[PDB]
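Same chain, two forms, each on its own as structure tokens: structure 1, then structure 2.
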Structure 1
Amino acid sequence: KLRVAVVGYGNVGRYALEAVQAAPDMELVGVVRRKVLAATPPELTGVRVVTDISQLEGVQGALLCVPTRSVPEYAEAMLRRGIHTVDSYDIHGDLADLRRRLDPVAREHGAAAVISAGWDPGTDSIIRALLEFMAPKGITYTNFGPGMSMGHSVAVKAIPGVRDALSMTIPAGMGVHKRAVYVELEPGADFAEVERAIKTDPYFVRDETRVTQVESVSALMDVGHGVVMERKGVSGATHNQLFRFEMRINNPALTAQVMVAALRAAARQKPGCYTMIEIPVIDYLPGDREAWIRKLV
């Protein structure tokens, strides 16, 4: 069994714990987190929790459940220890550059790193690749939501006067998205001001955005999310081939599970860095290939 450690303990983290414990081919060595209180959280009962991975014995792979901005440095740090890594880095714009950066680091330390292994980027990327070669000429549209956006939500919370906030991603169709923000204000804060700060923030300025003040944001919080991917294209010279993929899932739960499968695959690769479309799909499945070929193909 692959000895694994969960690094970082947040949403994906708690879900990461469950994903690893449920894996038939993995052994959870422990959890690495910034804070370890005397009052051990219920789900962490019986689980080794430390502040540094060096305090976990013989860790072979690590799930990097830390904020996107922290992924690059964390990945390099773990790889330099010879530990395989998996993350769900979600910036489509430069994940290709992240791959280029980590590839030599991983190879030089005899480890494998699989980046952007969530559902998007991640499994949705594989789906987009399938639709692309099944019908080479055409257009694919990826429509997200209804679901909460962590990035957009954080941006709102960073605004003075905001006690808490939730930014909902709403599909407008054809790959366009609208934003529905719900904000809980600090005592005496001005809504008009906050509303402006939100609608004009570079993270919202490009999309239709609506803001609503609420008594409690936690009362509106749900981590479910979804996607509708569609493509209308040409297979060979035959037009109007229609494809549609839809998912309604628990965001952090799925992300954590995909990360687990991706780490399983990482341990099977030659040293280096990979995105999910660079790994044979069967490497994401536990155990020998034969049984899976007979069951799934």
Structure 2
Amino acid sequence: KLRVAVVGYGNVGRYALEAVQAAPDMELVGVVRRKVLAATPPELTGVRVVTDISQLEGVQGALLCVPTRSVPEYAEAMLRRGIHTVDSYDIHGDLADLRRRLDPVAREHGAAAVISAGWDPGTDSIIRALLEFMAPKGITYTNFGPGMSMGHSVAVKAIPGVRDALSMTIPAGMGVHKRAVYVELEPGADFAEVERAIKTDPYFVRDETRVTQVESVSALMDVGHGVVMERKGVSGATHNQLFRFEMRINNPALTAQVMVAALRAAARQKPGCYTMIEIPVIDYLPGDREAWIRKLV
């Protein structure tokens, strides 16, 4: 029923299309791309592809599957048209500001926006909140990898001279990580300059980063990723409460599925902007509540 459009046909966008088609409560009106070539990708045969969302039926919701750094602008554009929006904006240091920014825009145009709705930020944030209130005193650790960071990869591919890139995240334990970036340079690019731009990027300035040039990125790339979140803390006055959550998943696949759920929820909220911990988890499930209560609680 909910009419949706996938914006940005990249990694997450391609899985988003599949997530929307499998969804029992949604309808894929079309796909919004920067350009639409005469050669139609196999999986888009029979799918409406356009350069502007307005040329797409009566779109009520949009999955913003574009680069994180482009999320703010797209989000505002869709919101100003009264279209609910979901994105997986992953900059932890700024998403709280983005929410305050989109809130009024969303409210004034009678729509809802759910930002940072991937697995991290996203579902892992809900997990961190659970662990936070289950054992208030202590420390939580979120260890990523080994795997591909779609966000870091996009930032490297954005560097001039980079034909293609793979940003891998390696867990060093205790919340600390190391990053290995493999770059496929364009003919004429200067490795040293590309290395400088990578390490200077805010995405990379806080972690030990190692850049290596390679002949082929696709030969080394696997979009799989994972996480291990752990907490050793106190329940009331009771110490040594141990919690552990782990995933070994297809990064883009899970992100897109989560984004779909967040949009299902966005369409149920009062106009405004939300992060995933501000929405009752039942709003992420399709259909009436009763059945989910009996099945899950």
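Numbers follow structure 1, counted from its first residue as 1. Only residues modelled in both forms are compared. For clarity, a rigid core is taken as the largest C-alpha set superposing within 1.5 Å between two forms.
Core-superposed comparison between the two structures: among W119, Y89, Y74, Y182, the single residue whose C-alpha moves by 2 Å or more is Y182.
Relative to the superposed core, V156 shifts its CA atom by 2 Å or more between the two structures. The two forms, fitted on the rigid core, differ between the two structures by 2 Å or more at the CA of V211. The two forms, fitted on the rigid core, differ between the two structures by 2 Å or more at the CA of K199. Here the two forms are laid over each other by their core, and the C-alpha of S167 is off by 2.6 Å between the two structures. Structural comparison between the two structures after rigid-core fitting shows the C-alpha of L98 displaced 0.0 Å. Against the superposed rigid core, the consecutive-residue runs (3 or more long) showing CA movement of at least 2 Å between the two structures span 149-167, 179-217.
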